[PDB]
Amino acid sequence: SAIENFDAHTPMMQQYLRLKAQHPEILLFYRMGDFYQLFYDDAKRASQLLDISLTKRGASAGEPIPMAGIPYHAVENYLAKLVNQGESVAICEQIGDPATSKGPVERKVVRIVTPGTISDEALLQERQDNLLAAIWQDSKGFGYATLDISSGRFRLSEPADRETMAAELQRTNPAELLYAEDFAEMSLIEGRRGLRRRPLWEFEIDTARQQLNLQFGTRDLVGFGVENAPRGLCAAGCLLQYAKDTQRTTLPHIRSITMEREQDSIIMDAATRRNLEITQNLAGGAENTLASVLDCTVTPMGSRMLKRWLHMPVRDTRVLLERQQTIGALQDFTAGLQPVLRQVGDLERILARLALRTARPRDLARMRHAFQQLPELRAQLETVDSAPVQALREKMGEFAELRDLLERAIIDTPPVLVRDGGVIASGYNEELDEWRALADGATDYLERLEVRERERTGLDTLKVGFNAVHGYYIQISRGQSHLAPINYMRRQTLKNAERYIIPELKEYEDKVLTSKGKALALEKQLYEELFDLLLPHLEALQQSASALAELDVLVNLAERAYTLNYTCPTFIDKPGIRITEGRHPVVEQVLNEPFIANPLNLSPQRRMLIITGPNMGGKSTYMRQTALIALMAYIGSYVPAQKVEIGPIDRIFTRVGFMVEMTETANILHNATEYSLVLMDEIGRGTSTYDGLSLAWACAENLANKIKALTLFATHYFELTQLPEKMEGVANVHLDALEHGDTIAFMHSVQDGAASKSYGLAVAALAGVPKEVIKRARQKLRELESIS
């Protein structure tokens, strides 16, 4: 192998290796003329991933250099293939002029595309958030931060233990996760996508405080409510440094950060989120989830928001009452408002492209279209007497001046890119109309010259055309070419035609080309100038989009409440849940038979229910629908019952029945309070007969007598139906079944008390177990029943 010292390198590879050195573990797309190039292992890897040719750049001194590339104009399709696989890519461009550089033109990395910093519409899913996170660990707990680069939403939390951290990763589901190198609990994090090991120094607290204050223009973070939170600040500081390093521009839409405190929301553990099938079902799909039912938002930014609420229920009584109020007030207005809200589109994401100075012409066109909907929205919402609706109406704004600007500046349907022009409209800049008019008293001139020269020469094949490589020409066929004026300067020869130039045409070529380059250069100057006039209003524009997304969510929840027959729940002072004719929101829509509504009464005196009933009798569904009603109540939605009264809930824990069951259970026992809702679904496993049930008993007992949480405790262990007897706060309910001769009917109705019996043998027979075996099993059963 060759000693690759600096001097043994060509000027090209000197520069290239300097720049790859600053990006040693990621693919570097390196601009040379019309191509992005890769070298060495980048080329080999790119070749395998992207399905392009692996070639060689020849070398005078040494071994050939592996090489691959793509034309600059095809870059975004390739960037998409890469980022979809979790690959980052540094984009290196030419800064300088080749004509004034002796050696290689100056080259800089201008951006890095990574899975959690993308903002382009082609690389994202419309209805799903794409978050960058950072995480780190102390001896005591975790700091965690999230950034949605394509809306500027920047958050910080400090999950106190392992399980809260598992729960947070599941909630936020980052596309890319920066973690510190000394991270101990790797089981939380390994086998996630877009994992990015970072050095310790990027989590340093003084640096974080410094960069965040600089980003926000503040002396301190007191006003944001995070000066208190160095654990979280350390993560947020890593995150911000990564974001600035990927974008390499200012980020004026990141103007704020907020701490998500434990107390602010209901904290659902990892099992609970999975078990309720909120946005993801139990097989990874998005069908048959709570979102598949509640989500008929008409804008992308609203679909995202609704899913954020579903996942993070709020404990602020005022916010909830305000949301409920809104939903009752808009019930009659949904049909008129939705088709209009739809037309606003995904303004949030456009505003981020505007902030990053990346917005394309169709973004400004959709921004303009959106502004055009604001008066119709304003008019429709005026009539609605509800202060919260009016507060949104106000916050959404109007932006008359900016709407006018975009109507006058850009044409009706502009092209996808500004690169080829045809974007700025006539009337907006007079210097531009003058340059376009010189390259447009042009198509007409070439025709009159064609006809004039055809008639003058007498040569009827004479045509005038253009060719990018050779320029304008007069063409005569081969058979007539020998008759051409001797004045005609030969320019391009073809198999069956000859092409010429004369000074009149050459002078007209020189004027059309230099005035096209002036028209385009000035279009680009003016289009960048649209950003300068929009940007000052960014703060108010971002508030408008969030208002519009909220509107979309609530208008939606109003239509859902109507169409699906939901009521307004009420909040009470003490823990408790009173449901009348309650229903599983999801199961009631997918079942092709009537859903049996069910009550529930939980209070501080009636705090644990031991639920029995046969397998397939409805014990899990009844538990889940309780949690779903609680969750819907605490995002502000109407709920799928005929009446619900509900007290404060701090946390929802779930255990759905090895070392893992007993560990999850201990978490519940260490961290549940009198304000928690606890769903235990057939827990207690051991290696012998009574082993695991005894544990279940002692656990039920600790939940009832010490923690005093509100617990639904589904079991197959009939012995646990003795607990009410011995234990203040516990009672039996059950799922009713009937045995009419040789079969079982599942009624799906909760009744008070323990069931008459268990039905393990009935269910057994239903499953086809031979009748001779069930006969002996009953005989044995009666032996056991005679014990007492």
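Heads up: residue numbers just count along the shown sequence, starting at 1.
Interresidue gap class [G657, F658; deposited sequence, unmodelled]:
Missing residues, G657 to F658: 10 or more.
Which is higher on mean Cα B factor in this entry, 176 to 184 or 259 to 267?
Higher of the two, by average CA B-factor, is 259 to 267.
Which of the two stretches, 186 to 194 or 641 to 649, shows the higher mean Cα temperature factor in the record?
Going by the record's values, the stretch with the higher mean is 186 to 194.
Of the choices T493, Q94, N592, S688, which one's C-alpha carries the largest B-factor in the record?
The record points to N592.
Sort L677, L221, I707, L520 by C-alpha B-factor from the entry and give me just the highest.
Comparing C-alpha B-factors across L677, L221, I707, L520, the maximum falls on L520.
Relative to the other modelled residues in the chain, which third contains the C-alpha temperature factor of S786: lowest, middle or highest?
For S786, whose C-alpha B-factor we compare with every modelled residue in the chain, the answer is the middle third.
Which third, lowest, middle or highest, does the C-alpha temperature factor of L735 belong to within its own chain?
Middle third by C-alpha B-factor.
CA B-factor placement of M747, once the chain's modelled residues are sorted into thirds
Its C-alpha B-factor belongs to the lowest third of this chain's values.
Ranked C-alpha temperature factor of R248 among modelled chain residues, by third:
Lowest third of the chain for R248's C-alpha B-factor.
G741 - Cα temperature factor, lowest/middle/highest third of chain
CA B-factor rank for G741: highest third.
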